[PDB]
Amino acid sequence: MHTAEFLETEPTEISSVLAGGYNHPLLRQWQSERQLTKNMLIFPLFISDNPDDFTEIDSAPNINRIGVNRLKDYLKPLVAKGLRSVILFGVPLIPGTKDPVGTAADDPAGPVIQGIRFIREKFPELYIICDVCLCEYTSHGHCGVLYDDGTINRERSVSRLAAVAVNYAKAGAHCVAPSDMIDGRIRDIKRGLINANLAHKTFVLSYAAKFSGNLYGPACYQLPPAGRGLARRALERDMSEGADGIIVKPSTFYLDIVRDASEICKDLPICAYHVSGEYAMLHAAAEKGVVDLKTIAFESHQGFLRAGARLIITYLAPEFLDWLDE
Amino acid sequence: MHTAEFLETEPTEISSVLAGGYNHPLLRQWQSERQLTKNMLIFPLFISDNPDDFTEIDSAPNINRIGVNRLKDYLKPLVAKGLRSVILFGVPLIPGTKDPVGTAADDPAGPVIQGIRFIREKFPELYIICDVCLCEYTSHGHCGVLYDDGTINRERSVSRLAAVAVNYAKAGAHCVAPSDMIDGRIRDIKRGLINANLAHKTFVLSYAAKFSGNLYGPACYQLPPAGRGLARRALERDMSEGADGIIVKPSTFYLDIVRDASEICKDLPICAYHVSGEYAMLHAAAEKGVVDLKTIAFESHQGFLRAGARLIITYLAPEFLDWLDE
Amino acid sequence: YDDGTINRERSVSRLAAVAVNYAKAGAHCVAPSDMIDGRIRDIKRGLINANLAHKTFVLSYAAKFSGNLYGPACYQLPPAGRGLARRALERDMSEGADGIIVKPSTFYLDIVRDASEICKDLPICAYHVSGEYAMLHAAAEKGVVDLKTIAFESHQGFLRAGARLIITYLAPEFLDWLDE
Amino acid sequence: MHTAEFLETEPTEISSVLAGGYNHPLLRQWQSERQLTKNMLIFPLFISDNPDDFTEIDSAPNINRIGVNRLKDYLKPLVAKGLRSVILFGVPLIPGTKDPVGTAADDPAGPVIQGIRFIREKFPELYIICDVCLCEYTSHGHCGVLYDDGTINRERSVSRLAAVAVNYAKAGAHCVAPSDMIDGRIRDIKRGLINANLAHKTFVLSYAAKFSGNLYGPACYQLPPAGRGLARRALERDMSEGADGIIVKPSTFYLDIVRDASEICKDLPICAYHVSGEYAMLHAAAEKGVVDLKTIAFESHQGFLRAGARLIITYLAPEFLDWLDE
Ligand SMILES: [Zn+2]
Ligand SMILES: [Zn+2]
Ligand SMILES: [Zn+2]
Ligand SMILES: [Zn+2]
Ligand SMILES: [Zn+2]
Ligand SMILES: [Zn+2]
């Protein structure tokens with residue numbers, strides 16, 4: 001009858017023995033290239049035209065569309081818990097603001113520039129980052145100024161984006177993150193900051209590698225998912241043009257790209273961006289009990305760190321600010 | 001009143017212009033390091049003790065636990081559609097088979113060895129891969145032979161695993177995939193195949209980098225998620241010990257690791273493993289409409305390819321065998 | 001040896017035993033600091049034979065230099081010995097070390113940087129030596145510098161140089177300061 | 001009872017044997033990438049407005065603030081003992097010289113330019129290096145020309161620094177060492193020397209990596225201690241902009257940085273700068289008997305050499321000029 005067979009083997013080779021390196025819970029921390037701190041997280045903020053706003057957005061999120069009047073009660077618990085940075089997204093709702101040139105982009109009385117002025121007065125501890133694009137301010141909804149019924153007009157889009165970027169910095173934003181993906185915008189935004197004498201105090205956080213996908217919502221310059229060479233050339237371009245830091249978006253599905261950015265842009269801080277759709281997919285899976293949210297969030301976020309990122313833009317900051325306390 | 005500002009800029013630099021490289025749908029295929037073919041997919045198969053079985057497993061899957069008697073109706077549509085490989089997982093259910101030495105592992109009349117004998121007679125076109133471990137055959141459920149109430153006994157586990165591996169090859173399995181993660185098993189399995197004169201015809205598909213996570217089920221040698229250095233040393237060990245191919249599991253959350261394996265193990269075929277929990281998380285998200293399954297499956301699977309893999313073990317093969325037809 | 005040098009064979013054979021005995025008594029990790037050629041291999045082999053290899057982290061003092069940092073005033077690299085330090089780092093990893101130590105640290109930051117590239121996949125550890133610790137304290141009391149200030153600078157230096165672990169006599173303090 | 005245990009071991013491997021390489025005192029010299037010569041040391045000199053000066057400064061030093069009238073008796077013993085280079089630091093004391101534009105910086109009758117004229121007449125053997133900055137000549141004490149109650153005005157500071165640098169060279173200084181840390185100063189100083197036809201005879205010794213710390217005194221552009229990527233990009237910038245040599249300051253606490261500069265700037269002479277605070281900390285420790293000064297000075301200074309430097313700016317030159325004799 002069937003009996004357990006045991007082949008004979010040679011003595012163990014030391015080169016085969018890796019196990020003494022990870023056997024204790026502590027050795028598991030010892031084994032990581034970098035550990036998750038609270039000053040690494042960056043919380044996205046969606047500021048509304050309506051100063052009293054605080055409207056729930058939806059997918060699987062727990063994120064809102066707040067207004068300058070509710071902004072102080074929302075950032076207080078966060079700041080006290082250790083939050084050190086936020087990235088600003090303006091959401092102009094008033095019936096007659098959006099246009100073909102994204103005019104409302106640097107509107108001194110828009111959500112963003114008013115979000116900046118409020119934060120720097122009530123939370124001078126917070127590092128202000130601002131997303132730079134025209135998608136949310138143009139009537140068409142594209143990332144830049146279009147040509148008559150066609151493609152994006154590179155020259156006008158960039159020239160426009162440089163202005164918005166310099167205006168946020170002039171209003172007090174410590175950092176501008178351009179997310180248009182339009183060729184050469186980093187150079188013009190950097191040159192514009194230089195001419196505006198704000199280059200030495202505004203960190204240009206480039207979304208160097210922003211891919212298109214089904215991670216933004218079920219269903220303009222944007223790398224195709226298989227585009228690794230373009231992503232690498234875009235990383236290198238953006239650093240040569242002046243970027244002081246780089247962003248990879250999405251992150252979990254593009255970990256190899258963050259690893260590439262970690263070698264191409266070795267001397268610059270890399271940032272991973274946990275996209276709404278990834279966040280909303282972790283939440284869903286969680287509720288369907290396919291996985292445990294806290295468990296899948298630490299795994300996913302340690303992945304950014306392991307892949308090479310030292311900064312993470314995520315909608316899970318509120319939570320993490322809790323969990324890292326533990 | 002607020003008017004759109006447009007900074008003045010210098011002429012465009014050619015080095016900033018990448019866009020001519022991705023503007024047409026075709027250029028998006030042109031831009032990929034490698035494209036998804038049907039002979040790249042590997043379908044996992046769970047073979048039951050009960051020869052008539054065909055029991056639905058559950059998370060979000062559409063995968064079953066079939067028996068030798070239903071195996072022909074299940075692989076027919078698949079094989080005709082282009083499926084070229086399968087990886088065998090035996091599931092011994094009979095009330096008195098599991099034990100401390102995983103005796104039933106190479107049981108000539110077990111699910112696996114009978115799954116091999118059936119396939120090689122009804123589908124001699126199919127490439128047979130077999131997972132090699134003792135977790136599913138030991139009373140304790142661990143990946144190897146334990147010590148009296150303690151850790152895993154390296155020597156006995158490996159000596160046991162080498163035997164199971166040589167027995168599957170002797171039964172006709174073209175490839176053995178060891179997934180124990182036990183130090184030096186690749187060497188003993190390779191030596192054992194050599195002594196059994198089966199080394200020149202059995203491809204050792206090593207699960208070189210198998211991390212522990214919440215991707216196997218909501219909630220033994222296994223790399224910790226942040227363990228990049230261990231993963232790299234394990235990749236290099238396994239190739240020096242004889243692996244002919246490598247597997248990274250999970251895949252989507254470990255794309256940077258597949259990218260590392262693509263450089264450490266450059267001359268060997270890399271394989272990504274879309275884990276049950278990732279599969280079950282794509283399905284969930286899909287049904288909650290956070291994303292479109294087909295869309296999120298192509299994105300995720302092209303990610304393996306972009307990250308460096310040329311083979312993919314996924315539960316989405318049935319589907320892909322359809323989609324690639326289109 | 002009788003009135004002479006160190007007897008490699010007996011020293012190593014002896015050191016392997018001590019190392020396996022600490023592990024058998026419950027020590028999670030053994031750090032060999034003799035600097036004697038091949039001890040890592042025998043200590044690793046001995047742990048293997050004692051079935052304790054998979055649970056004992058061998059933290060090798062791969063690069064231990066001789067200096068005036070141990071006390072005012074046997075295998076030990078000479079301060080200018082960079083090539084030996086690099087070959088010793090590589091030897092110790094091939095022989096089984098799971099982690100590496102560089103001692104001293106502040107005066108050997110370039111060596112920790114070298115270990116960070118030679119031993120890239122292994123945890124590097126810096127060792128703030130008694131004499132460095134005692135020199136930071138002295139300087140402090142003479143007001144040449146501010147202890148907390150010079151301790152963060154020096155210890156961030158280990159981190160910047162490549163270390164992810166630090167053996168220091170300033171832990172009590174740091175356990176306070178990082179709270180802040 | 002407890003008896004000495006001796007495990008049995010295998011024969012020694014040759015790859016384990018390094019000891020035959022360092023067993024004799026001579027082999028310890030043989031083992032160094034480079035040895036300390038006297039023409040490697042650079043002695044800092046602090047020249048006072050008061051021509052008869054010779055005021056002891058204090059920390060732990062033995063360095064003074066001399067004046068042109070005492071300069072000949074001070075450099076004589078040094079020069080005869082082998083000193084070949086000095087770096088000039090002007091110290092304007094007269095009650096109404098310092099201002100917002102560092103006007104006195106290139107004052108033809110200031111300490112520096114008069115220190116240059118004196119040395120080139122009494123010691124034409126000496127290589128004259130001059131520190132280039134405005135900190136010691138501006139009323140504010142900052143490294144450059146400020147903006148109205150704010151940050152440093154890049155454009156005016158650099159434009160000013162280029163002039164000072166060209167004026168020292170025009171007065172006879174063989175080398176200018178800019179220590180402001182202001183972005184792009186090397187390029188303007190190099191361009192200015194070119195336009196002044198002095199580029200082919202003035203060595204630009206850039207303080208490429210100057211970090212801020214508690215090593216200058218118990219307690220403007222300056223890299224933060226953990227800033228390795230910035231230090232590396234600054235090293236590369238400065239060489240592309242024209243630096244002929246590089247300086248890393250401080251040195252002992254930044255040995256890894258000198259090692260990085262040794263690879264980034266491989267074809268250029270690297271220089272370590274033993275800072276006042278390090279010098280003053282070696283002296284203190286010495287007097288408290290924590291260590292032996294001569295012993296700790298050779299160790300520390302051989303460290304610069306091992307780390308990659310071929311030049312050392314230190315306050316221990318007088319001593320070394322003695323010790324190397326032995
Ligand atoms: Zn946009
Ligand atoms: Zn669009
Ligand atoms: Zn298993
Ligand atoms: Zn287990
Ligand atoms: Zn200065
Ligand atoms: Zn200052």
# chains A, B, ... in the order shown; residues from 1 in each chain; ligands from 1
call {"tool": "residues_near_ligand", "arguments": {"ligand": "ligand 5", "cutoff": "12 Å", "atoms": "only C-alpha atoms and all ligand atoms", "output": "JSON, numbers by chain"}}
result
{"D": [89, 90, 102, 105, 131, 132, 133, 134, 135, 136, 137, 138, 140, 141, 142, 143, 144, 145, 152, 157, 161, 177, 178, 179, 180, 181, 182, 207, 210, 212, 220, 221, 222]}
call {"tool": "write_last_selection", "arguments": {"atoms": "C-alpha atoms", "output": "PDB file, in the first residue's frame"}}
result
ATOM      1  CA  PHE D  89      38.556  84.101   5.468  1.00  0.00           C
ATOM      2  CA  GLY D  90      38.303  87.899   5.810  1.00  0.00           C
ATOM      3  CA  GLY D 102      28.316  92.899   1.247  1.00  0.00           C
ATOM      4  CA  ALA D 105      33.442  91.712   0.141  1.00  0.00           C
ATOM      5  CA  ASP D 131      36.255  81.437   0.517  1.00  0.00           C
ATOM      6  CA  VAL D 132      33.565  83.233  -1.476  1.00  0.00           C
ATOM      7  CA  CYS D 133      30.386  84.401   0.275  1.00  0.00           C
ATOM      8  CA  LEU D 134      28.785  87.549   1.809  1.00  0.00           C
ATOM      9  CA  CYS D 135      27.874  86.226   5.265  1.00  0.00           C
ATOM     10  CA  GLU D 136      30.892  87.863   6.912  1.00  0.00           C
ATOM     11  CA  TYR D 137      30.335  91.206   5.140  1.00  0.00           C
ATOM     12  CA  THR D 138      26.580  91.743   5.259  1.00  0.00           C
ATOM     13  CA  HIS D 140      22.315  90.805   8.302  1.00  0.00           C
ATOM     14  CA  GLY D 141      24.922  88.057   8.387  1.00  0.00           C
ATOM     15  CA  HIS D 142      23.227  85.891   5.796  1.00  0.00           C
ATOM     16  CA  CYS D 143      24.833  84.170   2.821  1.00  0.00           C
ATOM     17  CA  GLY D 144      23.736  86.559   0.129  1.00  0.00           C
ATOM     18  CA  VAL D 145      21.613  89.619  -0.651  1.00  0.00           C
ATOM     19  CA  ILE D 152      17.545  85.409  -0.188  1.00  0.00           C
ATOM     20  CA  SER D 157      23.224  87.370  -4.499  1.00  0.00           C
ATOM     21  CA  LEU D 161      29.122  86.629  -5.585  1.00  0.00           C
ATOM     22  CA  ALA D 177      35.734  78.454  -2.993  1.00  0.00           C
ATOM     23  CA  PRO D 178      32.052  79.557  -3.100  1.00  0.00           C
ATOM     24  CA  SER D 179      30.295  78.589   0.151  1.00  0.00           C
ATOM     25  CA  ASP D 180      26.889  80.247  -0.203  1.00  0.00           C
ATOM     26  CA  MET D 181      24.999  77.179  -1.422  1.00  0.00           C
ATOM     27  CA  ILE D 182      22.887  79.471  -3.648  1.00  0.00           C
ATOM     28  CA  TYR D 207      31.568  73.742  -1.554  1.00  0.00           C
ATOM     29  CA  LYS D 210      27.468  72.067   2.644  1.00  0.00           C
ATOM     30  CA  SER D 212      23.583  72.655   8.234  1.00  0.00           C
ATOM     31  CA  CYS D 220      20.186  80.617   3.472  1.00  0.00           C
ATOM     32  CA  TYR D 221      20.821  77.530   1.363  1.00  0.00           C
ATOM     33  CA  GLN D 222      22.005  74.582   3.412  1.00  0.00           C
TER      34      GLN D 222
END
call {"tool": "residues_around", "arguments": {"residues": "residue 213 (chain D)", "least_positions_apart": "5", "cutoff": "9 Å", "atoms": "only C-alpha atoms", "output": "VMD selection string"}}
result
(chain C and resid 149 to 150 153) or (chain D and resid 224 to 225 250)
call {"tool": "atom_distance", "arguments": {"atom1": "CA of residue 9 (chain B)", "atom2": "CA of residue 197 (chain A)"}}
result
16.0 Å
call {"tool": "interface_residues", "arguments": {"of": "chain A", "to": "chain B", "cutoff": "6 Å", "atoms": "only C-alpha atoms", "output": "VMD selection string"}}
result
chain A and resid 4 to 7 16 to 17 31 to 32 103 159 to 160 163 183 to 184 214 218 to 219 226 to 227 252 to 253 255 to 256 259 281 284 to 285 290 to 292 306 to 307
call {"tool": "residues_around", "arguments": {"residues": "residue 111 (chain C)", "least_positions_apart": "6", "cutoff": "12 Å", "atoms": "only C-alpha atoms", "output": "MDAnalysis selection string"}}
result
(chainID C and resid 62:65 77 79:89 100:105 117:119 124:126 158 161:163) or (chainID D and resid 254:260 303:304 306:308)
call {"tool": "atom_distance", "arguments": {"atom1": "CA of residue 44 (chain D)", "atom2": "CA of residue 122 (chain D)"}}
result
17.7 Å
call {"tool": "select_by_dssp", "arguments": {"residues": "region 112-184 of chain D", "states": "strand (DSSP E or B)", "output": "PyMOL selection string"}}
result
chain D and resi 127-132+138+146+152+175-178
call {"tool": "residues_around", "arguments": {"residues": "region 29-40 of chain C", "least_positions_apart": "4", "cutoff": "6 Å", "atoms": "only C-alpha atoms", "output": "number ranges by chain"}}
result
C: 12, 44, 56-61, 75, 95; D: 16-17
call {"tool": "write_last_selection", "arguments": {"atoms": "C-alpha atoms", "output": "PDB file, in the first residue's frame"}}
result
ATOM      1  CA  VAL C  12      35.978  29.413  15.519  1.00  0.00           C
ATOM      2  CA  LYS C  44      25.733  29.239  10.589  1.00  0.00           C
ATOM      3  CA  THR C  56      18.265  32.652  14.811  1.00  0.00           C
ATOM      4  CA  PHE C  57      19.248  35.821  12.948  1.00  0.00           C
ATOM      5  CA  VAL C  58      23.008  35.978  12.499  1.00  0.00           C
ATOM      6  CA  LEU C  59      23.900  39.663  12.916  1.00  0.00           C
ATOM      7  CA  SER C  60      27.421  39.845  11.781  1.00  0.00           C
ATOM      8  CA  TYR C  61      29.839  42.477  12.853  1.00  0.00           C
ATOM      9  CA  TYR C  75      41.382  40.439  13.829  1.00  0.00           C
ATOM     10  CA  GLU C  95      28.803  32.565   4.677  1.00  0.00           C
TER      11      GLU C  95
ATOM     12  CA  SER D  16      37.283  33.070   4.110  1.00  0.00           C
ATOM     13  CA  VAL D  17      40.960  34.009   4.531  1.00  0.00           C
TER      14      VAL D  17
END
call {"tool": "interface_residues", "arguments": {"of": "chain C", "to": "chain A", "cutoff": "6 Å", "atoms": "only C-alpha atoms", "output": "NGL selection string"}}
result
:C and (53-57 or 96 or 98)
call {"tool": "atom_distance", "arguments": {"atom1": "CA of residue 268 (chain D)", "atom2": "CA of residue 201 (chain D)"}}
result
16.2 Å
call {"tool": "residues_around", "arguments": {"residues": "residue 261 (chain D)", "least_positions_apart": "3", "cutoff": "8 Å", "atoms": "only C-alpha atoms", "output": "PyMOL selection string"}}
result
chain D and resi 232+235+246+257-258+264-266+270+308
call {"tool": "select_by_dssp", "arguments": {"residues": "region 168-298 of chain D", "states": "helix (DSSP H, G or I)", "output": "VMD selection string"}}
result
chain D and resid 168 to 170 185 to 195 228 to 240 252 to 264 276 to 287 293 to 298
call {"tool": "residues_around", "arguments": {"residues": "region 68-83 of chain D", "least_positions_apart": "3", "cutoff": "9 Å", "atoms": "only C-alpha atoms", "output": "VMD selection string"}}
result
chain D and resid 38 to 43 47 to 54 86 111 114 to 115 118 to 119 122 to 123 125 to 126 317 to 318 321 to 322 325
call {"tool": "write_last_selection", "arguments": {"atoms": "C-alpha atoms", "output": "mmCIF file, in the first residue's frame"}}
result
data_model
loop_
_atom_site.group_PDB
_atom_site.id
_atom_site.type_symbol
_atom_site.label_atom_id
_atom_site.label_comp_id
_atom_site.auth_asym_id
_atom_site.auth_seq_id
_atom_site.Cartn_x
_atom_site.Cartn_y
_atom_site.Cartn_z
ATOM 1 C CA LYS D 38 51.699 67.195 3.546
ATOM 2 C CA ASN D 39 50.712 68.822 0.272
ATOM 3 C CA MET D 40 47.175 67.624 0.889
ATOM 4 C CA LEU D 41 46.391 69.788 3.845
ATOM 5 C CA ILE D 42 44.815 73.177 3.554
ATOM 6 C CA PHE D 43 45.076 75.569 6.482
ATOM 7 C CA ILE D 47 42.457 87.746 8.502
ATOM 8 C CA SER D 48 41.501 90.748 10.593
ATOM 9 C CA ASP D 49 40.824 94.363 9.685
ATOM 10 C CA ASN D 50 43.311 95.353 12.416
ATOM 11 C CA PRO D 51 46.707 94.923 10.804
ATOM 12 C CA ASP D 52 48.346 94.082 14.126
ATOM 13 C CA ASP D 53 45.697 91.626 15.270
ATOM 14 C CA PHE D 54 46.303 88.156 16.624
ATOM 15 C CA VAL D 86 45.747 78.191 2.769
ATOM 16 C CA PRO D 111 41.562 91.738 4.995
ATOM 17 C CA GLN D 114 45.342 92.407 1.390
ATOM 18 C CA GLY D 115 45.983 88.878 2.657
ATOM 19 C CA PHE D 118 50.892 89.920 1.189
ATOM 20 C CA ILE D 119 51.104 86.144 0.676
ATOM 21 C CA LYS D 122 56.334 86.905 0.997
ATOM 22 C CA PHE D 123 55.351 83.299 0.210
ATOM 23 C CA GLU D 125 55.156 79.128 -2.863
ATOM 24 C CA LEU D 126 51.747 79.105 -1.213
ATOM 25 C CA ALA D 317 47.531 71.229 9.759
ATOM 26 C CA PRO D 318 50.130 72.785 12.061
ATOM 27 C CA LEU D 321 52.907 69.081 9.406
ATOM 28 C CA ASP D 322 54.801 67.795 12.460
ATOM 29 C CA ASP D 325 57.521 64.313 9.593
#
call {"tool": "decode", "arguments": {"residues": "region 190-220 of chain D", "atoms": "N, CA and C atoms", "output": "PDB file, in the first residue's frame"}}
result
ATOM      1  N   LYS D 190      31.866  80.999 -12.760  1.00  0.00           N
ATOM      2  CA  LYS D 190      32.694  80.436 -13.848  1.00  0.00           C
ATOM      3  C   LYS D 190      32.570  81.348 -15.080  1.00  0.00           C
ATOM      4  N   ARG D 191      31.346  81.739 -15.428  1.00  0.00           N
ATOM      5  CA  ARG D 191      31.153  82.638 -16.592  1.00  0.00           C
ATOM      6  C   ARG D 191      31.922  83.955 -16.342  1.00  0.00           C
ATOM      7  N   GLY D 192      31.755  84.530 -15.160  1.00  0.00           N
ATOM      8  CA  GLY D 192      32.446  85.763 -14.828  1.00  0.00           C
ATOM      9  C   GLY D 192      33.945  85.606 -14.937  1.00  0.00           C
ATOM     10  N   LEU D 193      34.479  84.451 -14.531  1.00  0.00           N
ATOM     11  CA  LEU D 193      35.937  84.317 -14.660  1.00  0.00           C
ATOM     12  C   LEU D 193      36.313  84.240 -16.137  1.00  0.00           C
ATOM     13  N   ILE D 194      35.458  83.557 -16.896  1.00  0.00           N
ATOM     14  CA  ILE D 194      35.706  83.435 -18.341  1.00  0.00           C
ATOM     15  C   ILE D 194      35.752  84.848 -18.952  1.00  0.00           C
ATOM     16  N   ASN D 195      34.690  85.628 -18.782  1.00  0.00           N
ATOM     17  CA  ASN D 195      34.647  86.993 -19.305  1.00  0.00           C
ATOM     18  C   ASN D 195      35.840  87.809 -18.802  1.00  0.00           C
ATOM     19  N   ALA D 196      36.306  87.575 -17.578  1.00  0.00           N
ATOM     20  CA  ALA D 196      37.443  88.299 -17.062  1.00  0.00           C
ATOM     21  C   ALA D 196      38.752  87.662 -17.478  1.00  0.00           C
ATOM     22  N   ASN D 197      38.688  86.704 -18.391  1.00  0.00           N
ATOM     23  CA  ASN D 197      39.894  86.041 -18.842  1.00  0.00           C
ATOM     24  C   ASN D 197      40.725  85.476 -17.713  1.00  0.00           C
ATOM     25  N   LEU D 198      40.074  84.908 -16.704  1.00  0.00           N
ATOM     26  CA  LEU D 198      40.849  84.335 -15.600  1.00  0.00           C
ATOM     27  C   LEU D 198      40.444  82.873 -15.353  1.00  0.00           C
ATOM     28  N   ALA D 199      39.575  82.286 -16.160  1.00  0.00           N
ATOM     29  CA  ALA D 199      39.040  80.952 -16.068  1.00  0.00           C
ATOM     30  C   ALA D 199      40.094  79.856 -16.179  1.00  0.00           C
ATOM     31  N   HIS D 200      41.086  80.075 -17.024  1.00  0.00           N
ATOM     32  CA  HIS D 200      42.168  79.138 -17.265  1.00  0.00           C
ATOM     33  C   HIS D 200      43.234  79.243 -16.193  1.00  0.00           C
ATOM     34  N   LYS D 201      42.986  79.987 -15.115  1.00  0.00           N
ATOM     35  CA  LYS D 201      44.074  80.028 -14.122  1.00  0.00           C
ATOM     36  C   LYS D 201      43.547  80.089 -12.704  1.00  0.00           C
ATOM     37  N   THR D 202      42.229  80.039 -12.580  1.00  0.00           N
ATOM     38  CA  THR D 202      41.553  80.079 -11.272  1.00  0.00           C
ATOM     39  C   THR D 202      40.746  78.779 -11.108  1.00  0.00           C
ATOM     40  N   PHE D 203      41.134  78.028 -10.099  1.00  0.00           N
ATOM     41  CA  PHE D 203      40.492  76.738  -9.791  1.00  0.00           C
ATOM     42  C   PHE D 203      39.243  77.023  -8.962  1.00  0.00           C
ATOM     43  N   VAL D 204      38.093  76.633  -9.476  1.00  0.00           N
ATOM     44  CA  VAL D 204      36.861  76.865  -8.714  1.00  0.00           C
ATOM     45  C   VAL D 204      36.599  75.637  -7.822  1.00  0.00           C
ATOM     46  N   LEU D 205      36.876  75.813  -6.547  1.00  0.00           N
ATOM     47  CA  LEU D 205      36.711  74.810  -5.504  1.00  0.00           C
ATOM     48  C   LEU D 205      35.373  74.957  -4.825  1.00  0.00           C
ATOM     49  N   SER D 206      34.392  74.272  -5.423  1.00  0.00           N
ATOM     50  CA  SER D 206      33.080  74.387  -4.904  1.00  0.00           C
ATOM     51  C   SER D 206      32.673  73.725  -3.660  1.00  0.00           C
ATOM     52  N   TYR D 207      32.029  74.493  -2.761  1.00  0.00           N
ATOM     53  CA  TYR D 207      31.568  73.742  -1.554  1.00  0.00           C
ATOM     54  C   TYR D 207      30.197  73.136  -2.080  1.00  0.00           C
ATOM     55  N   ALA D 208      30.261  72.081  -2.857  1.00  0.00           N
ATOM     56  CA  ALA D 208      29.091  71.450  -3.443  1.00  0.00           C
ATOM     57  C   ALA D 208      28.115  70.940  -2.420  1.00  0.00           C
ATOM     58  N   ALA D 209      28.648  70.317  -1.373  1.00  0.00           N
ATOM     59  CA  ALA D 209      27.765  69.775  -0.351  1.00  0.00           C
ATOM     60  C   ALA D 209      28.024  70.378   1.008  1.00  0.00           C
ATOM     61  N   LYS D 210      27.284  71.433   1.343  1.00  0.00           N
ATOM     62  CA  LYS D 210      27.468  72.067   2.644  1.00  0.00           C
ATOM     63  C   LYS D 210      26.185  71.911   3.462  1.00  0.00           C
ATOM     64  N   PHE D 211      26.183  71.042   4.465  1.00  0.00           N
ATOM     65  CA  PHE D 211      25.046  70.778   5.310  1.00  0.00           C
ATOM     66  C   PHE D 211      24.998  71.681   6.544  1.00  0.00           C
ATOM     67  N   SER D 212      23.768  71.847   7.028  1.00  0.00           N
ATOM     68  CA  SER D 212      23.583  72.655   8.234  1.00  0.00           C
ATOM     69  C   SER D 212      23.667  71.746   9.460  1.00  0.00           C
ATOM     70  N   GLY D 213      24.272  72.238  10.539  1.00  0.00           N
ATOM     71  CA  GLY D 213      24.360  71.362  11.698  1.00  0.00           C
ATOM     72  C   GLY D 213      24.834  72.087  12.939  1.00  0.00           C
ATOM     73  N   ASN D 214      25.028  71.321  14.004  1.00  0.00           N
ATOM     74  CA  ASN D 214      25.466  71.853  15.278  1.00  0.00           C
ATOM     75  C   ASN D 214      26.977  71.754  15.432  1.00  0.00           C
ATOM     76  N   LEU D 215      27.618  71.624  14.277  1.00  0.00           N
ATOM     77  CA  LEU D 215      29.060  71.502  14.194  1.00  0.00           C
ATOM     78  C   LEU D 215      29.759  72.814  13.920  1.00  0.00           C
ATOM     79  N   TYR D 216      28.995  73.891  13.760  1.00  0.00           N
ATOM     80  CA  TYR D 216      29.581  75.212  13.500  1.00  0.00           C
ATOM     81  C   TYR D 216      29.662  76.014  14.806  1.00  0.00           C
ATOM     82  N   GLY D 217      28.710  75.745  15.691  1.00  0.00           N
ATOM     83  CA  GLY D 217      28.629  76.405  16.977  1.00  0.00           C
ATOM     84  C   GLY D 217      27.481  75.848  17.795  1.00  0.00           C
ATOM     85  N   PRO D 218      27.718  75.661  19.103  1.00  0.00           N
ATOM     86  CA  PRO D 218      26.646  75.118  19.940  1.00  0.00           C
ATOM     87  C   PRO D 218      25.300  75.751  19.627  1.00  0.00           C
ATOM     88  N   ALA D 219      24.214  75.049  19.946  1.00  0.00           N
ATOM     89  CA  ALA D 219      22.880  75.581  19.686  1.00  0.00           C
ATOM     90  C   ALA D 219      21.846  74.493  19.496  1.00  0.00           C
ATOM     91  N   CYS D 220      18.963  80.973   4.180  1.00  0.00           N
ATOM     92  CA  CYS D 220      20.186  80.617   3.472  1.00  0.00           C
ATOM     93  C   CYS D 220      20.244  79.131   3.156  1.00  0.00           C
TER      94      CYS D 220
END
